[PDB]
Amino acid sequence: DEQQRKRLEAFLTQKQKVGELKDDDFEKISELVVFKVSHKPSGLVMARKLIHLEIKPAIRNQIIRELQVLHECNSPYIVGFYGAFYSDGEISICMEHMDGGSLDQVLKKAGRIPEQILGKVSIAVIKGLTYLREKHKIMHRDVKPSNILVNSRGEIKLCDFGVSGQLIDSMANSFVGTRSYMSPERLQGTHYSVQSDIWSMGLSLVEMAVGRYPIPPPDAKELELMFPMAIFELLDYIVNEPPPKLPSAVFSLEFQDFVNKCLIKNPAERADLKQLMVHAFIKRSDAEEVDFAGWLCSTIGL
């Protein structure tokens, strides 16, 4: 779109209004660990995420070099990047502040997210993953509602994708909970590609469509009302039991087939990014007039 080029270029006119970033430049505005911060060498209000690492300088220098490539990647479907510095045992990643938050907390605000909005979400996520693989040869590795951000302008962008291989290893401890978006092939330790990101997107879409994490599937009573499990039990359910599916009554055939193609267990049979690009569901969704900013501001309250 012509408009998207303008706001992208206007993002790069804000790029040199700072040169380097350090701790004393920022004042904590609020908590969204990520923080909304006020920059003072430049009037930009930014999002500052801090990752706690106790580790030697040499590898952090390697971390910063790997993180500087985010200055190079720019797209209307991935969130913009300001800079990355180190200070006092935490490395900081500075990015755009998106006043809408992540899709998980807007789903917490709403009851369920309608199909028409999820269509535009699908298009942007597919093109964002396509941009990263085709232009930078990286896969996201962590697609889930908590890392898909929205704003009042109406754009949606992906964040928190695995750009630094050393940063993955340098993180001391991970947080494993009851919601898992990892693909079956990744859980079994076999070769994986962007097909795992496509599974993660499909599982994220059905959760946002129904208003509940869909594994294990709900019984008949819970499906009508809408309209204590160990970690290994869930993971083994993802690997061995049939994938979740949308209810056949309330959603169109195109949407049901779309998520079904995303949740095929065999990654070779699972749809790739190009096949999705032409699936009847997003051809239909692309040629639709939906005020995404209006839906966001009216239901969340901005």
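Numbers follow the displayed sequence, beginning with 1. We call the rigid core the largest set of C-alpha positions that still match within 1.5 Å between the two forms.
- Greater C-alpha displacement in 5 other deposited structures of this protein (rigid core superposition, RMS over structures and residues), of 216-224 versus 175-183: 175-183.
- Farther on average from this form in 5 other deposited structures of this protein lies stretch 166-174, the comparison being between 193-201 and 166-174 by RMS Cα distance after core superposition.
- Where coordinates are absent for parts of the deposited sequence, a chain break appears; between neighbours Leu32 and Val33 it spans 4 to 9 residues.
- Counting the deposited residues that fall between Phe232 and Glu233 and carry no coordinates gives zero.
- For the pair 214-222 and 199-207, the mean Cα B-factor is higher in 214-222.
- Relative to one another, 88-96 and 183-191 have unequal mean CA B-factors, and 88-96 is the one with the higher figure.
- Between the residues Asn260, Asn240, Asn61, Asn266, it is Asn61 that shows the highest Cα B-factor in the PDB record.
- The PDB entry assigns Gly80 a C-alpha temperature factor belonging to the highest third of its chain's modelled residues.
- In the PDB entry, a CA B factor belonging to the middle third of its chain's modelled residues is recorded for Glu66.
- The entry lists a Cα temperature factor for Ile156 that places it in the middle third of the chain's modelled residues.
- When the CA B factors of the chain's modelled residues are split into thirds, the value for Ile168 lands in the middle one.
- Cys73: CA B factor lies in the highest third for its chain, per the PDB record.
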